[PDB]
Amino acid sequence: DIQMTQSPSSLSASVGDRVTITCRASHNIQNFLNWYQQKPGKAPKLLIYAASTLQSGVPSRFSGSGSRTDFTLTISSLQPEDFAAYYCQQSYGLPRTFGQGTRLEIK
Amino acid sequence: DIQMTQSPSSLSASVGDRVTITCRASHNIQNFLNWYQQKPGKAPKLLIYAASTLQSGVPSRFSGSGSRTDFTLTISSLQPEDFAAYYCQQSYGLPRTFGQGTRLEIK
Amino acid sequence: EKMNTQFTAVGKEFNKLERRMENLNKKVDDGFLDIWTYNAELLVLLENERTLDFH
Amino acid sequence: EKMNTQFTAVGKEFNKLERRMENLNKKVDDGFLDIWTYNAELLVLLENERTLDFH
Amino acid sequence: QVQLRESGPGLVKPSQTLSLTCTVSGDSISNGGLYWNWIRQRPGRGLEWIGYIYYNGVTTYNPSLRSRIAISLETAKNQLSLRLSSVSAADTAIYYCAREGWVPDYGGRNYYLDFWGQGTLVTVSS
Amino acid sequence: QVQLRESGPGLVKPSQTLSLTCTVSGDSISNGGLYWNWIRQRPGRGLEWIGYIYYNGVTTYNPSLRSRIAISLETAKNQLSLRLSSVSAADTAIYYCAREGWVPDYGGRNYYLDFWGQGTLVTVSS
Amino acid sequence: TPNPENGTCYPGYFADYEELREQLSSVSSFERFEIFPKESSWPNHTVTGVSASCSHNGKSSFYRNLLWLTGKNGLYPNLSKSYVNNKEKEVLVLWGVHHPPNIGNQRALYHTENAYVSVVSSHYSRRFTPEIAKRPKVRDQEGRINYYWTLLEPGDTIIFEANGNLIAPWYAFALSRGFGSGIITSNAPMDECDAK
Amino acid sequence: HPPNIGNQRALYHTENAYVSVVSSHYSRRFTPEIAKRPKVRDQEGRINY
Ligand SMILES: *[C@@H]1O[C@H](CO)[C@@H](O[C@@H]2O[C@H](CO)[C@@H](O)[C@H](O)[C@H]2NC(C)=O)[C@H](O)[C@H]1NC(C)=O
Ligand SMILES: *[C@@H]1O[C@H](CO)[C@@H](O)[C@H](O)[C@H]1NC(C)=O
Ligand SMILES: *[C@@H]1O[C@H](CO)[C@@H](O)[C@H](O)[C@H]1NC(C)=O
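Rules used in this analysis
Residues numbered from 1 in each chain as written, not as in the entry; some residues may be left out. Chains lettered and ligands numbered in written order. Part of a larger assembly, values for the part shown. Heavy atoms only, no water. Buried < 20%, exposed > 50% of the residue type's maximum accessible area, 1.4 Å probe, protein only. Helix = DSSP H or I, 4+ residues; strand = E, 2+ residues; numbered from the N terminus. Pairing = 2+ DSSP bridges. Axes fitted to C-alpha atoms, helices over the stretch in contact; angles between N-to-C directions. Contact = heavy atoms within 4.5 Å.

## A word on the pairing of strand β7 (residues 70–75) of chain A
All names here are of chain A.
Phase 1: Where burial is concerned, most of β7 is hidden: 6 out of the 6 residues are buried.
Phase 2: Residues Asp70, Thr72 and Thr74 line one face of β7 and the alternating positions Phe71, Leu73 and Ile75 line the opposite face, and both faces are buried.
Phase 3: Pairing of strand β3 (residues 19–25) with β7 involves 6 bridges; the strand directions are antiparallel. Bridge pairing in β7 places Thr22 opposite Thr72.
Phase 4: As judged from the 5 bridges shared by strand β6 (residues 62–66) and β7, these two strands associate in the antiparallel manner. Note that in β7 the partner of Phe62 across the bridge is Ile75.
Phase 5: Counting the residues between successive antiparallel strands, the hairpin from β6 to β7 contains 3 residues.

Laid out in C-alpha cells, this is it:
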C-alpha cells in the first residue's frame, strides 16, 4: 500500500493569512492526487482533482501542485469558512489511501 | 566570456581558388555564429547569418557550416573584390565576442 | 484508415540516478500523445463542418 | 482552445561521454517544435481561406 | 443533479453482519461506466477506503478487510450495498458511498471521488 | 531603407568623457523590439563589443568596461548614445552603432548585426 | 550564467553532476544544516586543512560545506560517524576523497599508505581507494579531490568510515521539493518587475 | 559482503577473497567490501546480484 503522509497534523492561521499544507507519497503516484475538505459532521468535499486542478464550485482561493511524491495544497486569503480537516488522497493504486489529515484552525 | 579563435590569422590565395577560414569556440554556441566581411575603411558587412545561411545581397560564392564549437567560412572561386578581413562572431552569450579576424590577401 | 493500429507498448523502469532518462522518456510519450490528440480532434471538426455543407 | 498551455520546461546538461543522449534529447525537442510550427501555420492558412469564403 | 443516500440500522450487535444500502439518483449505475466506492471514518480518525464495485459487478476490496467485506450492486434499483461479517467495536464508523469520476490524462484515466453522499453512523454495541 | 549614422567630436582629451550619438532612420527605435549595439575597433585590432540597449531602456555592457560605459536612448529623435568616462589613449578607435536583428530558431531567437553604420573615428590626445 | 567561473576550486571529478543538477531543478527551497559539526565531531583529527586553490580574499580556504580531515599529533585514528535523517525531508549529503600527487604527501597527511573511505546507507554502498598520481596542474594542484553525493530518505542512516583521505560532510541540505520551478541559463538583467 | 572481518574469516577462511566471472565477451572481478551497514531485514551485510 502507498502511504500518504501529511504535514503538519494541525495548523492555525488568522483570516487573510496563507496556509500551506503538504503531503508526501511513499511511492511515485504521478498526477494521481486529490484533495478533500471535511467540515465537521459532513462527508468530504472535493477541492482539487488533478494535482493542479479545481473542481467546479471550489473557490479560487484554493490551489495546489506537485510532482511524483511531493504535493502541496495552498489556501490564499484564508476565510472563517475554510475551517476544516483536509485530506490527501492517492488514486494511483487500487488500495486507495488517504493521509491522516490536517486540521486547519482559524486564529 | 566565450572565446572565438580564428585560423589562419592570414591567408593568401589566387583568383579562382578556394579559401577555407575556420573558427573554434571555447564553448558550445550551437547555431549562434555570424560571419562578417570588413573592407579597409568600412564597417563590417554581414555575410553569414545562421551558421549556414546567407544574408540577402551576399554573393553565392560564400557559404559556411558548423556544429557546436567548430565552424567554417568558405569562399568558392575567390574574386579580387573578396579582399577583406573576415570575422567570426558569436551571439549565444551576452558579452558578445569576435575572433581576432583573418586577413585574406589575393595572390 | 489514416490512423494506424496501436501495438504493444509498455513503460520502463529507471534508477535513482537515471532521472534524466526518465524525464526524456516521459517527455516523448506526452509529446506524441498531445500531437495525436490534436490531430484526431481537428480532423473530426474539419470533416463535420464539410459534411453538413455537403448535405 | 485546441492548443494547450506550455508548462515549465528547461534544458539538461550532459557529460562528454553522453553525447548520444544529448543528441537524442535535442532531436526530440527539434522534432516536436517542427511539428507544432507546422500545425499552427497550417491551421491558420486553412481557416483564413474559409473565413473569406464564408463572408 | 447526482445524489447519493446511505441507509441502514445505525446499530449492530457484536458478531452480527452489518448491511448498508446506498441509493443512487440523478445518475445511472447501468450506463455511466464508473466505479462505485464505499469508505468509512472511525471517530477521531481519518478516512479509510473499504472497496469498490464496477458496472460489470467486478469487485475489489481493501486487503486488510477482504475476508469480511462483501460488496454488491443491483442495477434495477440503482442500489449499491455493503456487508461486513463478524462486526466488532472497531467497526464503529460513519460509512459513506461515493461515485468515482474521471478525466483522461497522461498515464490513463485520472480518477477522483466527487459525489460522496451524506454518511450513516453505525455503532457496534450490546 | 534602414540607415545608421554616427557622429561626435572625433577628438577628446585625456580624462574627459567621450560622447557619441547615432541617429537611426528608415526604422523606429520605439516599434521594432530590437537591440541597439555599440562596438569599437582599435587601430590594428579586431572588433570589440561595447554594449547594447533595448527598447525598454534595458542596458547591458561589456563587463571589462561596465564601470565607465553609459548607454542611453531617446525614442523621440530615433537616437542612441554612448558615453565613456575617464577616456585614455587606449580608447582610440572607430566607434560604430549597429542594429541587431533576428530570425526565430531552434533554441530561441538567433541574433545578428545587419545594419552597421559608417563608423566615427575618435582620437584621444593633447 | 552561461559561463560560470566559481565551481570546483579544488580540482577533481564531480560524480553524477548532471543528475544532481536535474534533481535540484525541482527543489524550491532547502535548509542548510550542520550534519557533522567540526567543533565536536572530530577531537582526534585536524579540521583546519585549507588550499591556496580555494583562496578567498587572499587567504587559503576550503569549501564551506566540507572539512578536510588530516592527522593530529602524528596519528590518523579510524573514523566512524553516522547520521539519522530525522528531518522528514530528503537530505543531500556531500563529501569527497583526496588523491595526493605523491606518496610523500599521502604519508604526511594521513600517516598511512593504504587509506580507504567507506560510505554506506540502506541502499547505498561505495568504497573508495585514493589513487596517487602526479597529474597536470589545474589551479596549481598536482593532486585531486573527487566529489560524491547521495540523498537520504527520511528515516534512513548514512555511515562514514575511513582511515585517511576523507573530506567529511559538514553541512547538508534538507530538500523541499516544489513544482514548476527549474534552472534558466541567462545573462538578462535582474529587476523588481513581476510576471506570470 | 560481510558486516565484519570475523564473519569473513568464519565463512570463507580468507581475508582476501575474490570472485571472477568470464565469458567470451564478459569479464568481471569482484572484491568483497567489508563494512558494517545499517540493518535492512536485520542484516548488517549485503549480497549483490
Ligand atoms: C572565483 O572566480 C574567479 C574568476 O572570476 C577566480 O579568479 C581567477 O583565478 C585565476 C587563478 O586560478 C587567475 O589566473 C585569474 O586571473 C583570476 N581572475 C580574476 C578576474 O581575478 C577565482 O580564483 C575563483 N575562486 C575560487 C575559490 O574558485
Ligand atoms: C579520541 O581519542 C581518545 C583518547 O585520547 C579516545 O578515548 C576516543 O575514543 C577517540 N575517538 C573519538 C573522540 O571519537
Ligand atoms: C583501523 O582499522 C584497521 C583495519 O581494520 C585495524 O588494523 C586498526 O587496528 C584500526 N585502528 C585503530 C586506530 O585502532
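Read on, since the account is not over.
## A word on unusual backbone geometry
Comment: phi is negative for the bulk of residues other than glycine, and the bulk of peptide bonds are trans.
Phase 1: The omega angle of the peptide bond from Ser7(A) to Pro8(A) is 0 degrees, so this bond is cis rather than trans.
Phase 2: Tracing the backbone through its elements, the reader meets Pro8(A) in the loop between β1 (4–7) and β2 (10–13).
Phase 3: A positive phi angle, near 55 degrees, is found at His111(G), a position not held by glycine.
Phase 4: By the element assignment, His111(G) lies in the loop between α3 (103–110) and β7 (117–121).

## Quick look at the sheet that holds strand β1 (residues 4–7) of chain B
Residue and element names in this part refer to chain B.
Phase 1: Taken together, 4 strands build an open sheet; the order of strands is β1-β3-β7-β6 and the sheet is antiparallel. Whereas interior strands pair on both sides, the edge strands pair on one side only; in this sheet they are β1 and β6 (62–66). With strand direction ignored, the average angle separating the axes of adjacent strands in the sheet is 20 degrees.

## Comments concerning the arrangement of the chains
Phase 1: Spatially, chain E is disjoint from chain F: no contact exists, and the shortest C-alpha separation is 26 Å.
Phase 2: The smallest C-alpha distance separating chain C from chain H is 16 Å, and no contact links them.

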